[PDB]
Amino acid sequence: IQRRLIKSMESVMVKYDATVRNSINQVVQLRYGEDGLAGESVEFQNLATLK
Amino acid sequence: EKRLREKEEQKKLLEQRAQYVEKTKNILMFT
Amino acid sequence: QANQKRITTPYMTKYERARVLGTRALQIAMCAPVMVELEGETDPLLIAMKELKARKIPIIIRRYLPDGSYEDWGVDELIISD
Amino acid sequence: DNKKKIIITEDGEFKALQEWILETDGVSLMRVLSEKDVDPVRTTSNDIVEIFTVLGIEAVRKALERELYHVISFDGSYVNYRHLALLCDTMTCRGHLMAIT
Amino acid sequence: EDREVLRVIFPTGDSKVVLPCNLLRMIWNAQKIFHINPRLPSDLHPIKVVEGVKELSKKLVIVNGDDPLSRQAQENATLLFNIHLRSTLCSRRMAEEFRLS
Amino acid sequence: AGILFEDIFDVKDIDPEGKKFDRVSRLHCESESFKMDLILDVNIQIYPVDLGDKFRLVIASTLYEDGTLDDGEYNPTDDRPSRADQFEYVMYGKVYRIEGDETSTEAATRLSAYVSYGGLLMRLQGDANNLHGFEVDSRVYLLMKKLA
Amino acid sequence: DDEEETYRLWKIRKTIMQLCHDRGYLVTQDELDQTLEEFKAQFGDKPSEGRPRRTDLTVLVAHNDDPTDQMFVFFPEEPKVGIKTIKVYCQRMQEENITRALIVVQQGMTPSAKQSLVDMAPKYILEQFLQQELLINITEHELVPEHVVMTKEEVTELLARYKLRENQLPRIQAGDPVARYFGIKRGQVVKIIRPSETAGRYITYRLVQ
């Protein structure tokens with residue numbers, strides 16, 4: 001399963017126009033994670049006006 | 001402004017009536 | 001592409017920093033002139049990092065866009081974070 | 001609360017209504033949705049192929065994200081949503097269900 | 001309005017979100033860095049809070065461009081964070097909760 | 001002087017919740033001159049305290065009898081006159097919280113100063129008149145002496 | 001046997017009116033939310049004997065932008081619709097000078113009828129729908145996000161903004177349930193607006209194929 005996932009997504013990359021694209025240059029996401037943010041810097045918080 | 005918009009709703013409704021009275025003769029000669 | 005309007009980020013990416021530092025360190029190791037002053041540094045990597053902190057690395061990063069165009073940024077024009 | 005009916009009271013608070021729900025052993029989402037007194041808005045399935053056939057590519061994108069999240073988080077684990085989103089976009093960006101095979 | 005947008009985004013009342021900047025921790029850091037006294041009246045104008053948060057929101061750019069399509073994509077990219085920011089850096093919370101200078 | 005608070009307390013209870021730590025004990029005490037409650041963590045191994053004891057507590061900002069700030073650094077080779085000479089148990093901690101019964105419109109009638117002496121916690125709560133010397137993130141000393 | 005038949009007819013009509021409204025056709029609010037009892041009053045509650053006959057259920061709407069751009073909705077009586085019925089409907093559309101239609105079949109449609117629906121596309125864009133898939137409006141499902149057919153100007157603006165070709169956008173099949181609901185053909189782009197737990201809102205664009 002790991003090998004299959006890797007070979008399926010290996011060339012998907014964040015481009016300099018900030019879009020996420022595969023080797024064919026097709027657009028997979030207009031911004032990474034729908035927000036264009038890297039996963040190392042984000043963290044858990046609470047929306048104070050929701051509940 | 002809401003009154004104007006509801007009046008536009010009424011004018012559109014009568015417009016659809018004014019075209020449905022045409023469409024019923026076509027539906028009549030259809031079958 | 002209009003250099004007056006470059007759409008890419010004004011920050012140097014971690015990969016740009018890595019490759020620029022490696023490239024400049026190799027250039028220093030191959031007896032290229034150093035752009036900053038030196039106290040006692042003899043390791044090319046330390047000299048390259050000092051040049052990057054001083055914003056005195058004579059390299060241009062050619063960032064390619066998916067459409068095929070490119071944007072040229074001087075290492076001094078980018079924002080160095082780390 | 002993940003299967004309860006979460007409404008917003010007139011006072012503005014989230015309230016979890018405790019309601020009856022049915023779990024089937026087979027899937028006819030096409031038919032079950034079109035039944036009287038069956039909710040055609042929240043009724044779903046875990047068979048992503050039927051979701052694709054009945055609701056479409058974006059519906060199966062969302063459902064596939066939900067099912068992968070359920071598989072990952074059932075053991076209490078957590079994975080950043082952008083990874084699931086990227087996997088699910090890879091499987092659905094070409095208009096059909098692209099298996100990872 | 002942000003409250004209603006969150007209510008349609010999170011139909012279940014789960015306020016746990018994953019966002020870039022831990023605003024409560026940054027507020028705590030500011031309280032301790034500048035030795036904020038929570039018992040004394042503050043010298044922060046609530047209009048300064050409103051204007052500063054608006055300018056900050058303008059400076060946080062995920063999608064670059066003045067065209068309307070880039071404007072809408074920028075709105076969407078930072079929507080949840082800007083809601084968190086406006087509800088955390090609110091003038092009232094900044095006046096009676098955080099009491100920053 | 002450098003004294004933020006001074007009073008005589010009477011140990012009314014020791015470890016109501018049970019002994020949590022072996023060498024440390026929590027005292028719930030009350031004074032008579034000011035009617036202030038006190039929760040205090042003390043190293044009973046070196047300074048044992050029995051129920052019903054009576055002691056003088058002095059929260060101070062400094063140990064030097066003359067008004068002179070401290071540097072927070074350990075200087076055992078210090079020959080100045082220190083007020084720790086007049087007390088038996090001395091701790092050094094910092095104020096980490098000041099609660100009160102204040103409302104959105106009214107000030108506080110009663111305050112509650114919380115201090116941590118390297119993890120040994122104290123809560124001194126009572127009238128706000130007696131706790132104006134306490135400010136959060138401020139270093140203080142305990143200066144506690146047993147009396148008969 | 002009969003109350004459920006009229007219930008199904010009313011539900012199908014409701015989904016059709018919602019569909020036409022979403023495609024941009026002029027639909028009055030009254031018929032957009034028509035109660036079952038009102039449907040019985042206007043059409044009847046005995047479809048089995050012939051009140052209402054499905055031929056009385058035929059809808060004819062007009063586009064908001066162009067009154068001449070009308071569209072039919074036919075409800076054939078036969079479960080399996082044959083090529084002859086398609087020819088009859090095309091003849092009627094020619095007589096009334098209408099160019100778009102929906103055929104809500106009950107059981108299905110013959111292969112010759114489908115091939116007829118496919119070959120004469122440049123003349124009459126007439127679509128095929130099962131009554132089973134009109135008993136629910138799939139766009140109201142929680143899994144289905146908001147789809148919006150973009151105009152050629154909007155698509156050009158999109159490709160110029162992101163500087164990409166149509167083959168680089170993600171795709172949606174022409175036979176997709178939502179693509180068929182919105183009646184969109186190849187070459188059109190659909191804007192999907194969905195809520196995102198990381199960004200709040202996310203707009204993606206899918207090209208029809």
# chains A, B, ... in the order shown; residues from 1 in each chain; ligands from 1
call {"tool": "residues_around", "arguments": {"residues": "residue D:28", "least_positions_apart": "5", "cutoff": "10 Å", "atoms": "only C-alpha atoms", "output": "VMD selection string"}}
result
chain D and resid 33 45 47 50 54
call {"tool": "residues_around", "arguments": {"residues": "residue A:50", "least_positions_apart": "4", "cutoff": "9 Å", "atoms": "only C-alpha atoms", "output": "list in words"}}
result
residues 46 of chain A; 13 and 14 of chain D; 3, 4, 6, 7, 10, 13, 14 and 15 of chain E
call {"tool": "atom_distance", "arguments": {"atom1": "atom CA of residue F:143", "atom2": "atom CA of residue F:51"}}
result
19.5 Å
call {"tool": "residues_around", "arguments": {"residues": "residue A:4", "least_positions_apart": "4", "cutoff": "7 Å", "atoms": "only C-alpha atoms", "output": "PDB file with C-alpha atoms, in the first residue's frame"}}
result
ATOM      1  CA  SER A   8       0.672   7.466  -7.324  1.00  0.00           C
TER       2      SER A   8
ATOM      3  CA  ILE D 100      -4.181   3.682  -6.525  1.00  0.00           C
ATOM      4  CA  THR D 101      -3.215   0.641  -8.602  1.00  0.00           C
TER       5      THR D 101
END
call {"tool": "interface_residues", "arguments": {"of": "chain C", "to": "chain A", "cutoff": "8 Å", "atoms": "only C-alpha atoms", "output": "number ranges by chain"}}
result
C: 7-9, 63-66
call {"tool": "write_last_selection", "arguments": {"atoms": "N, CA and C atoms", "output": "PDB file, in the first residue's frame"}}
result
ATOM      1  N   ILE C   7       5.363  37.487  -9.635  1.00  0.00           N
ATOM      2  CA  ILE C   7       4.266  36.949  -8.837  1.00  0.00           C
ATOM      3  C   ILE C   7       4.721  35.974  -7.758  1.00  0.00           C
ATOM      4  N   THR C   8       5.946  35.467  -7.836  1.00  0.00           N
ATOM      5  CA  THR C   8       6.392  34.473  -6.877  1.00  0.00           C
ATOM      6  C   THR C   8       6.658  35.125  -5.524  1.00  0.00           C
ATOM      7  N   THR C   9       6.867  34.283  -4.522  1.00  0.00           N
ATOM      8  CA  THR C   9       6.998  34.770  -3.158  1.00  0.00           C
ATOM      9  C   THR C   9       8.256  35.628  -3.024  1.00  0.00           C
ATOM     10  N   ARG C  63      13.381  31.158 -11.050  1.00  0.00           N
ATOM     11  CA  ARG C  63      12.239  30.356 -10.643  1.00  0.00           C
ATOM     12  C   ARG C  63      11.340  30.151 -11.851  1.00  0.00           C
ATOM     13  N   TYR C  64      11.136  28.898 -12.236  1.00  0.00           N
ATOM     14  CA  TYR C  64      10.279  28.593 -13.367  1.00  0.00           C
ATOM     15  C   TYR C  64       8.828  28.495 -12.924  1.00  0.00           C
ATOM     16  N   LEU C  65       7.941  28.994 -13.761  1.00  0.00           N
ATOM     17  CA  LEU C  65       6.513  28.917 -13.527  1.00  0.00           C
ATOM     18  C   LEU C  65       5.926  27.755 -14.309  1.00  0.00           C
ATOM     19  N   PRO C  66       4.789  27.200 -13.877  1.00  0.00           N
ATOM     20  CA  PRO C  66       4.220  26.062 -14.616  1.00  0.00           C
ATOM     21  C   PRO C  66       3.911  26.375 -16.068  1.00  0.00           C
TER      22      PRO C  66
END
call {"tool": "residues_around", "arguments": {"residues": "residue D:44", "least_positions_apart": "4", "cutoff": "10 Å", "atoms": "only C-alpha atoms", "output": "PyMOL selection string"}}
result
(chain D and resi 27+29+32-33+39-40+48+50-51+55+63) or (chain G and resi 141-143)
call {"tool": "write_last_selection", "arguments": {"atoms": "N, CA and C atoms", "output": "JSON list (two decimals), in the first residue's frame"}}
result
[["chain", "number", "residue", "atom", "x", "y", "z"],
["D", 27, "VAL", "N", -26.10, -2.01, 0.27],
["D", 27, "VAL", "CA", -26.26, -0.63, -0.17],
["D", 27, "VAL", "C", -27.17, -0.60, -1.38],
["D", 29, "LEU", "N", -28.21, 2.98, -2.21],
["D", 29, "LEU", "CA", -28.33, 4.39, -1.91],
["D", 29, "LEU", "C", -29.29, 5.05, -2.89],
["D", 32, "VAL", "N", -32.86, 3.92, -1.46],
["D", 32, "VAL", "CA", -33.14, 4.29, -0.07],
["D", 32, "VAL", "C", -33.32, 5.79, 0.06],
["D", 33, "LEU", "N", -32.54, 6.57, -0.69],
["D", 33, "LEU", "CA", -32.68, 8.02, -0.64],
["D", 33, "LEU", "C", -34.08, 8.45, -1.05],
["D", 39, "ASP", "N", -34.22, 10.75, 5.16],
["D", 39, "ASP", "CA", -33.53, 12.01, 4.93],
["D", 39, "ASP", "C", -32.68, 11.92, 3.67],
["D", 40, "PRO", "N", -33.02, 12.60, 2.57],
["D", 40, "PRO", "CA", -32.19, 12.53, 1.37],
["D", 40, "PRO", "C", -30.98, 13.44, 1.39],
["D", 48, "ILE", "N", -17.91, 3.87, -1.79],
["D", 48, "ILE", "CA", -17.57, 5.08, -2.54],
["D", 48, "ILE", "C", -17.96, 4.96, -4.01],
["D", 50, "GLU", "N", -20.69, 3.57, -5.26],
["D", 50, "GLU", "CA", -22.08, 3.97, -5.38],
["D", 50, "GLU", "C", -22.24, 5.47, -5.17],
["D", 51, "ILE", "N", -21.47, 6.06, -4.26],
["D", 51, "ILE", "CA", -21.52, 7.50, -4.08],
["D", 51, "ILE", "C", -21.13, 8.21, -5.37],
["D", 55, "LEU", "N", -24.13, 10.37, -6.74],
["D", 55, "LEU", "CA", -23.97, 11.77, -6.38],
["D", 55, "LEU", "C", -22.91, 12.49, -7.19],
["D", 63, "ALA", "N", -16.81, 12.11, 0.36],
["D", 63, "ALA", "CA", -17.07, 10.87, 1.07],
["D", 63, "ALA", "C", -15.80, 10.06, 1.26],
["G", 141, "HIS", "N", -27.88, 17.05, -1.30],
["G", 141, "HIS", "CA", -27.13, 16.14, -0.44],
["G", 141, "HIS", "C", -25.99, 16.89, 0.24],
["G", 142, "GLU", "N", -25.62, 16.43, 1.43],
["G", 142, "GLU", "CA", -24.55, 17.07, 2.17],
["G", 142, "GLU", "C", -23.20, 16.85, 1.50],
["G", 143, "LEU", "N", -23.03, 15.73, 0.80],
["G", 143, "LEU", "CA", -21.76, 15.45, 0.14],
["G", 143, "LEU", "C", -21.57, 16.30, -1.10]]
call {"tool": "residues_around", "arguments": {"residues": "residue F:81", "least_positions_apart": "2", "cutoff": "7 Å", "atoms": "only C-alpha atoms", "output": "PyMOL selection string"}}
result
chain F and resi 64-65+79+83
call {"tool": "write_last_selection", "arguments": {"atoms": "N, CA and C atoms", "output": "short mmCIF file (atom, residue, chain, number, x, y, z; two decimals), in the first residue's frame"}}
result
data_model
loop_
_atom_site.label_atom_id
_atom_site.label_comp_id
_atom_site.auth_asym_id
_atom_site.auth_seq_id
_atom_site.Cartn_x
_atom_site.Cartn_y
_atom_site.Cartn_z
N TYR F 64 17.13 42.41 52.55
CA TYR F 64 17.97 43.42 53.17
C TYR F 64 17.11 44.40 53.94
N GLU F 65 17.49 44.66 55.20
CA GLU F 65 16.68 45.49 56.08
C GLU F 65 16.47 46.88 55.49
N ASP F 79 27.37 39.53 53.46
CA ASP F 79 27.48 39.88 54.87
C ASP F 79 26.55 41.02 55.27
N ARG F 83 17.03 40.13 56.82
CA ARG F 83 15.94 39.87 57.75
C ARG F 83 15.64 38.39 57.90
#
call {"tool": "interface_residues", "arguments": {"of": "chain A", "to": "chain D", "cutoff": "8 Å", "atoms": "only C-alpha atoms", "output": "PyMOL selection string"}}
result
chain A and resi 4-5+8-9+28-29+32-34+39+51
call {"tool": "write_last_selection", "arguments": {"atoms": "N, CA, C and O atoms", "output": "CSV table (one decimal), in the first residue's frame"}}
result
chain,number,residue,atom,x,y,z
A,4,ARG,N,2.4,1.7,-3.4
A,4,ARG,CA,1.4,2.1,-4.4
A,4,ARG,C,1.0,3.6,-4.2
A,4,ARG,O,1.0,4.4,-5.2
A,5,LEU,N,0.9,4.1,-3.0
A,5,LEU,CA,0.6,5.5,-2.7
A,5,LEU,C,1.7,6.4,-3.2
A,5,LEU,O,1.5,7.4,-3.8
A,8,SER,N,1.8,6.7,-6.8
A,8,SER,CA,0.7,7.5,-7.3
A,8,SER,C,0.8,9.0,-7.1
A,8,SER,O,0.3,9.7,-7.9
A,9,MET,N,1.5,9.4,-6.1
A,9,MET,CA,1.6,10.8,-5.7
A,9,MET,C,3.1,11.4,-5.8
A,9,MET,O,3.3,12.5,-5.5
A,28,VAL,N,-3.8,19.8,-9.3
A,28,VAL,CA,-4.4,19.0,-8.3
A,28,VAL,C,-5.1,19.8,-7.2
A,28,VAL,O,-6.2,19.4,-6.8
A,29,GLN,N,-4.5,20.9,-6.9
A,29,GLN,CA,-5.0,21.8,-5.9
A,29,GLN,C,-4.6,23.2,-6.3
A,29,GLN,O,-3.4,23.4,-6.6
A,32,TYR,N,-2.1,24.5,-1.8
A,32,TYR,CA,-1.8,23.3,-1.0
A,32,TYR,C,-2.7,23.3,0.2
A,32,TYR,O,-2.8,24.2,1.0
A,33,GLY,N,-3.4,22.1,0.5
A,33,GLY,CA,-4.2,22.0,1.6
A,33,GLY,C,-5.4,22.9,1.6
A,33,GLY,O,-6.0,23.2,2.7
A,34,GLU,N,-5.8,23.5,0.4
A,34,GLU,CA,-6.8,24.5,0.3
A,34,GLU,C,-6.5,25.8,0.9
A,34,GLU,O,-7.2,26.8,0.8
A,39,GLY,N,2.4,22.0,6.7
A,39,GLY,CA,1.8,21.3,7.8
A,39,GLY,C,2.7,21.3,9.1
A,39,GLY,O,2.2,20.8,10.1
A,51,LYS,N,-19.2,27.9,19.3
A,51,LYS,CA,-20.1,27.2,20.3
A,51,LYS,C,-21.0,28.1,21.1
A,51,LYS,O,-22.1,27.7,21.4
call {"tool": "residues_around", "arguments": {"residues": "residue B:26", "least_positions_apart": "3", "cutoff": "12 Å", "atoms": "only C-alpha atoms", "output": "number ranges by chain"}}
result
B: 19-23, 29-31; G: 58-60, 72, 91-98
call {"tool": "write_last_selection", "arguments": {"atoms": "N, CA, C and O atoms", "output": "JSON list (two decimals), in the first residue's frame"}}
result
[["chain", "number", "residue", "atom", "x", "y", "z"],
["B", 19, "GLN", "N", -46.05, 34.00, -21.08],
["B", 19, "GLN", "CA", -45.50, 33.02, -22.01],
["B", 19, "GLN", "C", -46.15, 31.65, -21.88],
["B", 19, "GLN", "O", -46.19, 30.90, -22.87],
["B", 20, "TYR", "N", -46.70, 31.31, -20.71],
["B", 20, "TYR", "CA", -47.41, 30.04, -20.57],
["B", 20, "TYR", "C", -48.70, 30.04, -21.36],
["B", 20, "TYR", "O", -49.10, 28.99, -21.88],
["B", 21, "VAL", "N", -49.37, 31.20, -21.48],
["B", 21, "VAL", "CA", -50.59, 31.24, -22.27],
["B", 21, "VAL", "C", -50.28, 31.01, -23.75],
["B", 21, "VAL", "O", -51.15, 30.58, -24.52],
["B", 22, "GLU", "N", -49.05, 31.29, -24.17],
["B", 22, "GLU", "CA", -48.60, 30.83, -25.48],
["B", 22, "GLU", "C", -48.27, 29.34, -25.48],
["B", 22, "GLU", "O", -48.54, 28.65, -26.46],
["B", 23, "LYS", "N", -47.67, 28.84, -24.40],
["B", 23, "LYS", "CA", -47.18, 27.47, -24.42],
["B", 23, "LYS", "C", -48.31, 26.44, -24.36],
["B", 23, "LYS", "O", -48.12, 25.30, -24.82],
["B", 29, "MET", "N", -51.74, 21.20, -29.24],
["B", 29, "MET", "CA", -51.55, 20.57, -30.54],
["B", 29, "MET", "C", -50.46, 19.51, -30.50],
["B", 29, "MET", "O", -50.24, 18.83, -31.51],
["B", 30, "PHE", "N", -49.76, 19.37, -29.37],
["B", 30, "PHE", "CA", -48.79, 18.30, -29.20],
["B", 30, "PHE", "C", -49.44, 16.92, -29.30],
["B", 30, "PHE", "O", -49.08, 16.12, -30.17],
["B", 31, "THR", "N", -50.40, 16.62, -28.43],
["B", 31, "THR", "CA", -50.94, 15.27, -28.35],
["B", 31, "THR", "C", -52.08, 15.05, -29.34],
["B", 31, "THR", "O", -52.48, 13.92, -29.59],
["G", 58, "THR", "N", -46.38, 17.49, -18.65],
["G", 58, "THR", "CA", -45.32, 18.10, -19.45],
["G", 58, "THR", "C", -45.07, 19.54, -19.00],
["G", 58, "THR", "O", -46.01, 20.30, -18.77],
["G", 59, "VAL", "N", -43.80, 19.89, -18.86],
["G", 59, "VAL", "CA", -43.39, 21.23, -18.43],
["G", 59, "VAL", "C", -42.77, 21.94, -19.62],
["G", 59, "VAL", "O", -42.18, 21.31, -20.51],
["G", 60, "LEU", "N", -42.92, 23.26, -19.65],
["G", 60, "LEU", "CA", -42.28, 24.10, -20.67],
["G", 60, "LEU", "C", -41.86, 25.39, -20.00],
["G", 60, "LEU", "O", -42.70, 26.22, -19.64],
["G", 72, "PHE", "N", -38.35, 21.92, -22.78],
["G", 72, "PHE", "CA", -39.45, 21.01, -22.49],
["G", 72, "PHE", "C", -39.05, 20.00, -21.43],
["G", 72, "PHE", "O", -37.87, 19.72, -21.20],
["G", 91, "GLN", "N", -40.54, 15.78, -33.26],
["G", 91, "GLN", "CA", -41.50, 16.42, -34.16],
["G", 91, "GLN", "C", -42.24, 17.55, -33.45],
["G", 91, "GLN", "O", -42.40, 18.65, -33.99],
["G", 92, "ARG", "N", -42.69, 17.29, -32.21],
["G", 92, "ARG", "CA", -43.36, 18.34, -31.45],
["G", 92, "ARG", "C", -42.43, 19.52, -31.21],
["G", 92, "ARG", "O", -42.85, 20.68, -31.33],
["G", 93, "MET", "N", -41.18, 19.24, -30.86],
["G", 93, "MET", "CA", -40.23, 20.32, -30.60],
["G", 93, "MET", "C", -39.99, 21.14, -31.86],
["G", 93, "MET", "O", -39.85, 22.36, -31.80],
["G", 94, "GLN", "N", -39.94, 20.47, -33.02],
["G", 94, "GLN", "CA", -39.83, 21.19, -34.28],
["G", 94, "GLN", "C", -41.04, 22.08, -34.52],
["G", 94, "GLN", "O", -40.91, 23.23, -34.94],
["G", 95, "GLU", "N", -42.24, 21.55, -34.26],
["G", 95, "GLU", "CA", -43.46, 22.34, -34.47],
["G", 95, "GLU", "C", -43.46, 23.58, -33.57],
["G", 95, "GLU", "O", -43.71, 24.69, -34.04],
["G", 96, "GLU", "N", -43.18, 23.40, -32.28],
["G", 96, "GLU", "CA", -43.19, 24.50, -31.33],
["G", 96, "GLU", "C", -41.90, 25.31, -31.35],
["G", 96, "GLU", "O", -41.81, 26.30, -30.61],
["G", 97, "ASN", "N", -40.91, 24.92, -32.15],
["G", 97, "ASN", "CA", -39.67, 25.69, -32.30],
["G", 97, "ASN", "C", -38.90, 25.75, -30.99],
["G", 97, "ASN", "O", -38.36, 26.79, -30.60],
["G", 98, "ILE", "N", -38.87, 24.62, -30.27],
["G", 98, "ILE", "CA", -38.11, 24.48, -29.04],
["G", 98, "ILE", "C", -36.94, 23.56, -29.32],
["G", 98, "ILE", "O", -37.05, 22.60, -30.09]]
call {"tool": "atom_distance", "arguments": {"atom1": "atom CA of residue C:57", "atom2": "atom CA of residue C:24"}}
result
7.2 Å
call {"tool": "interface_residues", "arguments": {"of": "chain E", "to": "chain G", "cutoff": "12 Å", "atoms": "only C-alpha atoms", "output": "count of residues only"}}
result
40
call {"tool": "residues_around", "arguments": {"residues": "residue C:67", "least_positions_apart": "2", "cutoff": "7 Å", "atoms": "only C-alpha atoms", "output": "PyMOL selection string"}}
result
(chain C and resi 65+69) or (chain G and resi 163-164)
call {"tool": "interface_residues", "arguments": {"of": "chain D", "to": "chain E", "cutoff": "8 Å", "atoms": "only C-alpha atoms", "output": "number ranges by chain"}}
result
D: 2, 6-7, 14
call {"tool": "write_last_selection", "arguments": {"atoms": "N, CA, C and O atoms", "output": "PDB file, in the first residue's frame"}}
result
ATOM      1  N   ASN D   2     -21.264  12.283  16.541  1.00  0.00           N
ATOM      2  CA  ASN D   2     -20.939  12.271  15.119  1.00  0.00           C
ATOM      3  C   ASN D   2     -22.090  11.749  14.271  1.00  0.00           C
ATOM      4  O   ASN D   2     -22.155  12.066  13.079  1.00  0.00           O
ATOM      5  N   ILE D   6     -27.136  17.266  14.969  1.00  0.00           N
ATOM      6  CA  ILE D   6     -26.681  18.499  15.598  1.00  0.00           C
ATOM      7  C   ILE D   6     -27.430  19.664  14.970  1.00  0.00           C
ATOM      8  O   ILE D   6     -27.258  19.953  13.782  1.00  0.00           O
ATOM      9  N   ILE D   7     -28.262  20.328  15.768  1.00  0.00           N
ATOM     10  CA  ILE D   7     -29.003  21.501  15.336  1.00  0.00           C
ATOM     11  C   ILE D   7     -28.501  22.719  16.105  1.00  0.00           C
ATOM     12  O   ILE D   7     -27.711  22.613  17.043  1.00  0.00           O
ATOM     13  N   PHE D  14     -25.436  24.973  20.109  1.00  0.00           N
ATOM     14  CA  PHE D  14     -25.431  23.686  19.435  1.00  0.00           C
ATOM     15  C   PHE D  14     -26.073  22.644  20.338  1.00  0.00           C
ATOM     16  O   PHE D  14     -25.668  22.480  21.494  1.00  0.00           O
TER      17      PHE D  14
END
call {"tool": "select_by_dssp", "arguments": {"residues": "chain D", "states": "alpha helix (DSSP H)", "output": "ChimeraX atom specification"}}
result
/D:29-33,48-54,57-73,81-90
call {"tool": "atom_distance", "arguments": {"atom1": "atom CA of residue F:93", "atom2": "atom CA of residue F:52"}}
result
25.4 Å
call {"tool": "select_by_dssp", "arguments": {"residues": "chain A", "states": "strand (DSSP E)", "output": "ChimeraX atom specification"}}
result
/A:13-14,20-21,27-29,43-46
call {"tool": "write_last_selection", "arguments": {"atoms": "N, CA and C atoms", "output": "compact mmCIF listing (two decimals), in the first residue's frame"}}
result
# COMPACT_ATOMS: atom_id res chain seq x y z
N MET A 13 3.73 18.31 -6.59
CA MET A 13 4.65 19.28 -6.00
C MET A 13 3.99 20.65 -5.96
N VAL A 14 4.41 21.47 -5.00
CA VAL A 14 3.98 22.86 -4.92
C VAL A 14 4.83 23.67 -5.88
N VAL A 20 -0.54 23.30 -6.60
CA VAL A 20 -0.04 21.93 -6.48
C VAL A 20 -0.37 21.22 -7.78
N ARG A 21 0.66 20.68 -8.43
CA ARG A 21 0.51 20.08 -9.75
C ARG A 21 1.30 18.78 -9.81
N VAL A 27 -3.51 20.49 -12.65
CA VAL A 27 -3.69 21.14 -11.36
C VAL A 27 -4.44 20.19 -10.45
N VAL A 28 -3.82 19.83 -9.33
CA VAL A 28 -4.44 18.98 -8.33
C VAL A 28 -5.11 19.80 -7.24
N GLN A 29 -4.49 20.92 -6.87
CA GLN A 29 -5.03 21.83 -5.88
C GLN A 29 -4.55 23.23 -6.25
N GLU A 43 -1.19 24.36 13.92
CA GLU A 43 -1.35 23.79 15.24
C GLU A 43 -2.80 23.97 15.68
N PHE A 44 -3.16 23.23 16.73
CA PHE A 44 -4.54 23.19 17.19
C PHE A 44 -4.91 24.44 17.97
N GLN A 45 -6.10 24.95 17.69
CA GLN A 45 -6.63 26.15 18.30
C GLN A 45 -8.13 25.97 18.44
N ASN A 46 -8.79 26.98 18.99
CA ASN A 46 -10.23 26.94 19.23
C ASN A 46 -10.87 28.18 18.62
